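Asks: Submitted below is the structure of interest, expressed as structure tokens.
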Amino acid sequence: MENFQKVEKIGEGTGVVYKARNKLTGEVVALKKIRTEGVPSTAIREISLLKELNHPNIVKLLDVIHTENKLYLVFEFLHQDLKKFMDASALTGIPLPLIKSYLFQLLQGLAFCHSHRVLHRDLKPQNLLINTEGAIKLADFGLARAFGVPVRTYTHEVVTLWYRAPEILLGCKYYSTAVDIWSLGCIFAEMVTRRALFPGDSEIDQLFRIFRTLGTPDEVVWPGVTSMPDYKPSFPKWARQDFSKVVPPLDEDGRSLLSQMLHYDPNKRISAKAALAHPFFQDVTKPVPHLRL
Ligand SMILES: NC(=O)c1cc([N+](=O)[O-])c(NCCN2CCNCC2)cc1NCc1cnc(N)nc1
């Protein structure tokens with residue numbers, strides 16, 4: 001509209017996203033255009049609810065605009081995402097104190113969302129935004145299940161499966177808060193090793209990469225797994241690997257927490273609230289990151 005002044009095009013989110021300035025307030029925001037034969041009225045209501053979900057580690061949804069039947073989401077603006085920061089820190093690696101601070105903050109954000117019955121469902125480094133003060137915030141939220149499993153964006157883009165929990169890959173129709181803990185565990189491992197934990201290039205390659213590392217799940221470690229929608233008795237049976245080999249040289253406090261975030265059974269997987277109490281965070285601090293904007 002005329003209330004906004006486009007500053008630049010940020011990219012092609014999971015719709016198009018622009019950095020824009022509000023002429024009235026003068027505030028700089030991120031404007032996402034969501035492209036469809038009437039724009040569901042059940043969604044606009046669900047979205048409108050997220051406007052009240054405020055927390056320091058959650059990107060604020062400032063406004064929802066339906067006018068013109070285009071549907072625009074206005075978000076608070078942050079300059080960089082964790083994916084770019086990790087690439088920039090590839091040579092030296094993000095310092096452990098900062099990795100710990102970020103993980104701690106993200107768990108606080110998840111604990112808040114989960115206590116308000118809000119799930120993210122599509123956590124990935126590109127959806128974690130950071131600023132110069134050392135803060136990190138959860139963004140996007142997959143649009144509150146508005147768009148289920150997006151195979152291609154408005155211009156056909158390859159959906160990342162790297163952070164998908166095993167129960168989703170096995171066809172479970174009801175996601176629980178545990179899917180977000182799994183994704184965050186994968187991100188924690190990636191910050192530590194500087195390599196994606198499970199970089200699959202297809203749904204089955206994703207599932208098999210998980211099995212090759214954590215062992216093919218069975219009824220002992222995951223009661224009910226063999227009855228899941230897409231489970232096949234023909235899956236190969238791989239033995240589990242030790243975490244000392246998976247995320248070296250992370251210490252035992254870190255390995256212990258990661259192991260709990262990656263349990264196969266969603267019911268055994270640690271909650272965000274419980275993870276905040278883990279010994280790994282006894283010495284947590286809030287360092288300032290080296291950001292080049
Ligand atoms: N709230 C925001 O400031 C913000 C919002 C969105 N968004 O989507 O509304 C966004 N898009 C990222 C698109 N992806 C998410 C889905 N997986 C692929 C990556 C980026 C943002 N900021 C960080 C940033 C700023 N500037 C440049 N150039 N790059 C990044």
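Starting from 1 in every chain, residues are counted up; chains themselves are A, B, ... following the order of the structure tokens, and ligands are numbered from 1 as listed.
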Could you make a table, as JSON lines, of the residues of chain A that have an atom within 9 Å of an atom of ligand 1, each with its nearest atom pair and distance in Å to one decimal, counting only C-alpha atoms and all ligand atoms, in chain and number order?

Replies:
{"residue": "A:8", "atom": "CA", "partner": "ligand 1", "partner_atom_place_in_ligand_line": "28 (N)", "distance": 8.1}
{"residue": "A:9", "atom": "CA", "partner": "ligand 1", "partner_atom_place_in_ligand_line": "28 (N)", "distance": 7.5}
{"residue": "A:10", "atom": "CA", "partner": "ligand 1", "partner_atom_place_in_ligand_line": "28 (N)", "distance": 4.5}
{"residue": "A:11", "atom": "CA", "partner": "ligand 1", "partner_atom_place_in_ligand_line": "13 (C)", "distance": 5.9}
{"residue": "A:12", "atom": "CA", "partner": "ligand 1", "partner_atom_place_in_ligand_line": "13 (C)", "distance": 6.2}
{"residue": "A:13", "atom": "CA", "partner": "ligand 1", "partner_atom_place_in_ligand_line": "13 (C)", "distance": 4.3}
{"residue": "A:14", "atom": "CA", "partner": "ligand 1", "partner_atom_place_in_ligand_line": "16 (C)", "distance": 5.2}
{"residue": "A:15", "atom": "CA", "partner": "ligand 1", "partner_atom_place_in_ligand_line": "8 (O)", "distance": 8.1}
{"residue": "A:16", "atom": "CA", "partner": "ligand 1", "partner_atom_place_in_ligand_line": "8 (O)", "distance": 7.8}
{"residue": "A:17", "atom": "CA", "partner": "ligand 1", "partner_atom_place_in_ligand_line": "9 (O)", "distance": 5.3}
{"residue": "A:18", "atom": "CA", "partner": "ligand 1", "partner_atom_place_in_ligand_line": "9 (O)", "distance": 7.6}
{"residue": "A:19", "atom": "CA", "partner": "ligand 1", "partner_atom_place_in_ligand_line": "26 (N)", "distance": 7.1}
{"residue": "A:29", "atom": "CA", "partner": "ligand 1", "partner_atom_place_in_ligand_line": "3 (O)", "distance": 6.7}
{"residue": "A:30", "atom": "CA", "partner": "ligand 1", "partner_atom_place_in_ligand_line": "2 (C)", "distance": 4.9}
{"residue": "A:31", "atom": "CA", "partner": "ligand 1", "partner_atom_place_in_ligand_line": "9 (O)", "distance": 6.3}
{"residue": "A:32", "atom": "CA", "partner": "ligand 1", "partner_atom_place_in_ligand_line": "9 (O)", "distance": 5.1}
{"residue": "A:33", "atom": "CA", "partner": "ligand 1", "partner_atom_place_in_ligand_line": "9 (O)", "distance": 8.6}
{"residue": "A:59", "atom": "CA", "partner": "ligand 1", "partner_atom_place_in_ligand_line": "1 (N)", "distance": 6.5}
{"residue": "A:60", "atom": "CA", "partner": "ligand 1", "partner_atom_place_in_ligand_line": "1 (N)", "distance": 8.1}
{"residue": "A:61", "atom": "CA", "partner": "ligand 1", "partner_atom_place_in_ligand_line": "1 (N)", "distance": 8.7}
{"residue": "A:73", "atom": "CA", "partner": "ligand 1", "partner_atom_place_in_ligand_line": "9 (O)", "distance": 7.9}
{"residue": "A:74", "atom": "CA", "partner": "ligand 1", "partner_atom_place_in_ligand_line": "9 (O)", "distance": 8.0}
{"residue": "A:75", "atom": "CA", "partner": "ligand 1", "partner_atom_place_in_ligand_line": "1 (N)", "distance": 5.1}
{"residue": "A:76", "atom": "CA", "partner": "ligand 1", "partner_atom_place_in_ligand_line": "1 (N)", "distance": 5.3}
{"residue": "A:77", "atom": "CA", "partner": "ligand 1", "partner_atom_place_in_ligand_line": "3 (O)", "distance": 3.5}
{"residue": "A:78", "atom": "CA", "partner": "ligand 1", "partner_atom_place_in_ligand_line": "3 (O)", "distance": 4.0}
{"residue": "A:79", "atom": "CA", "partner": "ligand 1", "partner_atom_place_in_ligand_line": "25 (C)", "distance": 4.5}
{"residue": "A:80", "atom": "CA", "partner": "ligand 1", "partner_atom_place_in_ligand_line": "23 (C)", "distance": 4.4}
{"residue": "A:81", "atom": "CA", "partner": "ligand 1", "partner_atom_place_in_ligand_line": "23 (C)", "distance": 5.1}
{"residue": "A:82", "atom": "CA", "partner": "ligand 1", "partner_atom_place_in_ligand_line": "23 (C)", "distance": 8.9}
{"residue": "A:83", "atom": "CA", "partner": "ligand 1", "partner_atom_place_in_ligand_line": "19 (C)", "distance": 8.6}
{"residue": "A:84", "atom": "CA", "partner": "ligand 1", "partner_atom_place_in_ligand_line": "30 (C)", "distance": 8.2}
{"residue": "A:122", "atom": "CA", "partner": "ligand 1", "partner_atom_place_in_ligand_line": "16 (C)", "distance": 8.8}
{"residue": "A:123", "atom": "CA", "partner": "ligand 1", "partner_atom_place_in_ligand_line": "17 (N)", "distance": 8.9}
{"residue": "A:124", "atom": "CA", "partner": "ligand 1", "partner_atom_place_in_ligand_line": "17 (N)", "distance": 7.3}
{"residue": "A:125", "atom": "CA", "partner": "ligand 1", "partner_atom_place_in_ligand_line": "17 (N)", "distance": 8.0}
{"residue": "A:126", "atom": "CA", "partner": "ligand 1", "partner_atom_place_in_ligand_line": "19 (C)", "distance": 4.6}
{"residue": "A:127", "atom": "CA", "partner": "ligand 1", "partner_atom_place_in_ligand_line": "15 (C)", "distance": 5.1}
{"residue": "A:128", "atom": "CA", "partner": "ligand 1", "partner_atom_place_in_ligand_line": "23 (C)", "distance": 8.4}
{"residue": "A:129", "atom": "CA", "partner": "ligand 1", "partner_atom_place_in_ligand_line": "23 (C)", "distance": 6.0}
{"residue": "A:130", "atom": "CA", "partner": "ligand 1", "partner_atom_place_in_ligand_line": "23 (C)", "distance": 8.0}
{"residue": "A:139", "atom": "CA", "partner": "ligand 1", "partner_atom_place_in_ligand_line": "1 (N)", "distance": 6.8}
{"residue": "A:140", "atom": "CA", "partner": "ligand 1", "partner_atom_place_in_ligand_line": "8 (O)", "distance": 6.1}
{"residue": "A:142", "atom": "CA", "partner": "ligand 1", "partner_atom_place_in_ligand_line": "16 (C)", "distance": 8.3}
{"residue": "A:159", "atom": "CA", "partner": "ligand 1", "partner_atom_place_in_ligand_line": "17 (N)", "distance": 8.4}
{"residue": "A:160", "atom": "CA", "partner": "ligand 1", "partner_atom_place_in_ligand_line": "17 (N)", "distance": 8.3}

Asks: Which residue, A:133, A:191, A:210, A:173, has the smallest gap to residue 148 in chain A when you use only C-alpha atoms?

Replies: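 Using only C-alpha atoms, residue 148 in chain A sits closest to A:173.
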
Asks: Write out as a VMD selection string each polymer residue whose atoms come within 10 Å of residue 113 in chain A, counting only C-alpha atoms; drop sequence neighbours fewer than 2 positions from it.

Replies: chain A and resid 50 53 to 55 58 107 to 111 115 to 120 138 177 272

Asks: Let's have the selection written as an mmCIF file, in the first residue's frame, with C-alpha atoms.

Replies:
data_model
loop_
_atom_site.group_PDB
_atom_site.id
_atom_site.type_symbol
_atom_site.label_atom_id
_atom_site.label_comp_id
_atom_site.auth_asym_id
_atom_site.auth_seq_id
_atom_site.Cartn_x
_atom_site.Cartn_y
_atom_site.Cartn_z
ATOM 1 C CA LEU A 50 -0.467 -14.834 17.162
ATOM 2 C CA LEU A 53 2.048 -13.988 21.526
ATOM 3 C CA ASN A 54 4.764 -11.622 22.849
ATOM 4 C CA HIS A 55 8.154 -12.758 24.254
ATOM 5 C CA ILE A 58 9.914 -14.489 19.502
ATOM 6 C CA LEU A 107 14.530 -22.927 24.573
ATOM 7 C CA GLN A 108 13.002 -20.012 26.531
ATOM 8 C CA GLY A 109 11.126 -18.993 23.390
ATOM 9 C CA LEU A 110 9.927 -22.530 22.764
ATOM 10 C CA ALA A 111 8.867 -23.010 26.389
ATOM 11 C CA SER A 115 2.840 -23.244 27.180
ATOM 12 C CA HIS A 116 0.471 -21.182 25.005
ATOM 13 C CA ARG A 117 -0.262 -24.184 22.770
ATOM 14 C CA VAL A 118 1.603 -22.794 19.784
ATOM 15 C CA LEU A 119 3.916 -25.008 17.721
ATOM 16 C CA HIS A 120 6.483 -23.838 15.207
ATOM 17 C CA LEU A 138 12.159 -17.516 16.645
ATOM 18 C CA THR A 177 5.628 -29.894 20.833
ATOM 19 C CA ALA A 272 11.854 -27.053 26.483
#

Asks: As a list in words, which residues of range 56-136 of chain A does DSSP assign to strand (DSSP E or B)?

Replies: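 Here is the list: residues 58, 61, 62, 63, 64, 65, 72, 73, 74, 75, 76, 80, 81, 128, 129, 130 and 136 of chain A.
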
Asks: Could you take the residues named above and write them with N, CA, C and O atoms, as a PDB file, in the first residue's frame?

Replies:
ATOM      1  N   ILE A  58      10.864 -14.201  20.573  1.00  0.00           N
ATOM      2  CA  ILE A  58       9.914 -14.489  19.502  1.00  0.00           C
ATOM      3  C   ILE A  58       9.758 -13.223  18.669  1.00  0.00           C
ATOM      4  O   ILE A  58       9.472 -12.154  19.220  1.00  0.00           O
ATOM      5  N   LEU A  61       4.808 -10.176  15.721  1.00  0.00           N
ATOM      6  CA  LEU A  61       3.933 -10.024  14.563  1.00  0.00           C
ATOM      7  C   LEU A  61       3.187  -8.722  14.886  1.00  0.00           C
ATOM      8  O   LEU A  61       2.338  -8.684  15.779  1.00  0.00           O
ATOM      9  N   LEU A  62       3.536  -7.660  14.169  1.00  0.00           N
ATOM     10  CA  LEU A  62       2.960  -6.341  14.392  1.00  0.00           C
ATOM     11  C   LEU A  62       1.564  -6.159  13.821  1.00  0.00           C
ATOM     12  O   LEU A  62       0.700  -5.551  14.459  1.00  0.00           O
ATOM     13  N   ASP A  63       1.341  -6.688  12.627  1.00  0.00           N
ATOM     14  CA  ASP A  63       0.043  -6.553  11.986  1.00  0.00           C
ATOM     15  C   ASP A  63      -0.263  -7.593  10.940  1.00  0.00           C
ATOM     16  O   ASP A  63       0.633  -8.188  10.340  1.00  0.00           O
ATOM     17  N   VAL A  64      -1.557  -7.806  10.735  1.00  0.00           N
ATOM     18  CA  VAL A  64      -2.053  -8.739   9.736  1.00  0.00           C
ATOM     19  C   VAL A  64      -3.023  -7.913   8.895  1.00  0.00           C
ATOM     20  O   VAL A  64      -3.978  -7.336   9.423  1.00  0.00           O
ATOM     21  N   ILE A  65      -2.758  -7.838   7.596  1.00  0.00           N
ATOM     22  CA  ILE A  65      -3.592  -7.054   6.691  1.00  0.00           C
ATOM     23  C   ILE A  65      -4.157  -7.910   5.568  1.00  0.00           C
ATOM     24  O   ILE A  65      -3.418  -8.484   4.776  1.00  0.00           O
ATOM     25  N   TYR A  72      -1.052  -9.644   4.081  1.00  0.00           N
ATOM     26  CA  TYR A  72       0.311  -9.225   4.380  1.00  0.00           C
ATOM     27  C   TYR A  72       0.554  -9.410   5.861  1.00  0.00           C
ATOM     28  O   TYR A  72      -0.320  -9.135   6.675  1.00  0.00           O
ATOM     29  N   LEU A  73       1.744  -9.876   6.211  1.00  0.00           N
ATOM     30  CA  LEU A  73       2.092 -10.033   7.615  1.00  0.00           C
ATOM     31  C   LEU A  73       3.207  -9.028   7.851  1.00  0.00           C
ATOM     32  O   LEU A  73       4.163  -8.973   7.081  1.00  0.00           O
ATOM     33  N   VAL A  74       3.062  -8.201   8.881  1.00  0.00           N
ATOM     34  CA  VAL A  74       4.091  -7.216   9.188  1.00  0.00           C
ATOM     35  C   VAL A  74       4.818  -7.672  10.453  1.00  0.00           C
ATOM     36  O   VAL A  74       4.202  -7.841  11.504  1.00  0.00           O
ATOM     37  N   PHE A  75       6.133  -7.867  10.343  1.00  0.00           N
ATOM     38  CA  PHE A  75       6.948  -8.333  11.469  1.00  0.00           C
ATOM     39  C   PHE A  75       8.019  -7.348  11.901  1.00  0.00           C
ATOM     40  O   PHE A  75       8.484  -6.523  11.108  1.00  0.00           O
ATOM     41  N   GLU A  76       8.433  -7.456  13.161  1.00  0.00           N
ATOM     42  CA  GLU A  76       9.516  -6.608  13.638  1.00  0.00           C
ATOM     43  C   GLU A  76      10.717  -7.053  12.794  1.00  0.00           C
ATOM     44  O   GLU A  76      10.832  -8.230  12.410  1.00  0.00           O
ATOM     45  N   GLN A  80      19.954  -9.987  10.636  1.00  0.00           N
ATOM     46  CA  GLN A  80      20.607 -11.188  10.141  1.00  0.00           C
ATOM     47  C   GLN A  80      19.954 -12.447  10.670  1.00  0.00           C
ATOM     48  O   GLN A  80      19.269 -12.411  11.686  1.00  0.00           O
ATOM     49  N   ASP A  81      20.149 -13.553   9.955  1.00  0.00           N
ATOM     50  CA  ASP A  81      19.608 -14.836  10.407  1.00  0.00           C
ATOM     51  C   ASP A  81      20.773 -15.746  10.790  1.00  0.00           C
ATOM     52  O   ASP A  81      21.922 -15.481  10.425  1.00  0.00           O
ATOM     53  N   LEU A 128      15.794 -18.286  12.388  1.00  0.00           N
ATOM     54  CA  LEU A 128      16.244 -17.808  13.699  1.00  0.00           C
ATOM     55  C   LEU A 128      16.970 -16.495  13.428  1.00  0.00           C
ATOM     56  O   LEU A 128      17.988 -16.477  12.743  1.00  0.00           O
ATOM     57  N   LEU A 129      16.452 -15.397  13.969  1.00  0.00           N
ATOM     58  CA  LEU A 129      17.027 -14.088  13.699  1.00  0.00           C
ATOM     59  C   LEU A 129      17.839 -13.533  14.863  1.00  0.00           C
ATOM     60  O   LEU A 129      17.471 -13.697  16.016  1.00  0.00           O
ATOM     61  N   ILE A 130      18.949 -12.871  14.550  1.00  0.00           N
ATOM     62  CA  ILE A 130      19.818 -12.346  15.600  1.00  0.00           C
ATOM     63  C   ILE A 130      20.069 -10.843  15.464  1.00  0.00           C
ATOM     64  O   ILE A 130      19.888 -10.271  14.389  1.00  0.00           O
ATOM     65  N   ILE A 136      18.553 -13.699  20.152  1.00  0.00           N
ATOM     66  CA  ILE A 136      18.175 -14.559  19.035  1.00  0.00           C
ATOM     67  C   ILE A 136      16.673 -14.789  19.213  1.00  0.00           C
ATOM     68  O   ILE A 136      16.182 -14.942  20.339  1.00  0.00           O
TER      69      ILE A 136
END

Asks: Counting only C-alpha atoms, which residues of range 133-179 of chain A sit at most 8 Å from some atom of range 214-236 of chain A, and what is each one's closest atom pair with its distance in Å to one decimal, listed by chain and rising residue number, as a tab-separated table?

Replies:
residue	atom	partner	partner_atom	distance
A:169	CA	A:230	CA	7.8
A:170	CA	A:230	CA	4.8
A:171	CA	A:229	CA	5.1
A:172	CA	A:229	CA	6.5

Asks: Which residue is closest to residue 281 in chain A? Choose from A:105, A:183, A:153, A:241 and count only C-alpha atoms.

Replies: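 When distances to residue 281 in chain A are compared using only C-alpha atoms, the smallest one comes from A:105.
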
Asks: Based on the backbone DSSP call, show me all residues of range 40-277 of chain A assigned alpha helix (DSSP H), as number ranges by chain.

Replies: A: 41-50, 67-70, 82-88, 96-115, 166-169, 178-193, 203-214, 243-246, 252-261, 272-276

Asks: Of the residues A:47, A:20, A:178, A:161, which is the one nearest to residue 205 in chain A, using only C-alpha atoms?

Replies: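 Between A:47, A:20, A:178, A:161, the residue approaching residue 205 in chain A most closely is A:161.
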
Asks: Of the candidates A:92, A:267, A:69, A:41, which one gets nearest to residue 179 in chain A if we count only C-alpha atoms?

Replies: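 Selected residue with least distance to residue 179 in chain A: A:267.
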
Asks: Give me, please, the distance in Å between CA of residue 271 in chain A and CA of residue 145 in chain A, quoted to one decimal.

Replies: 21.0 Å
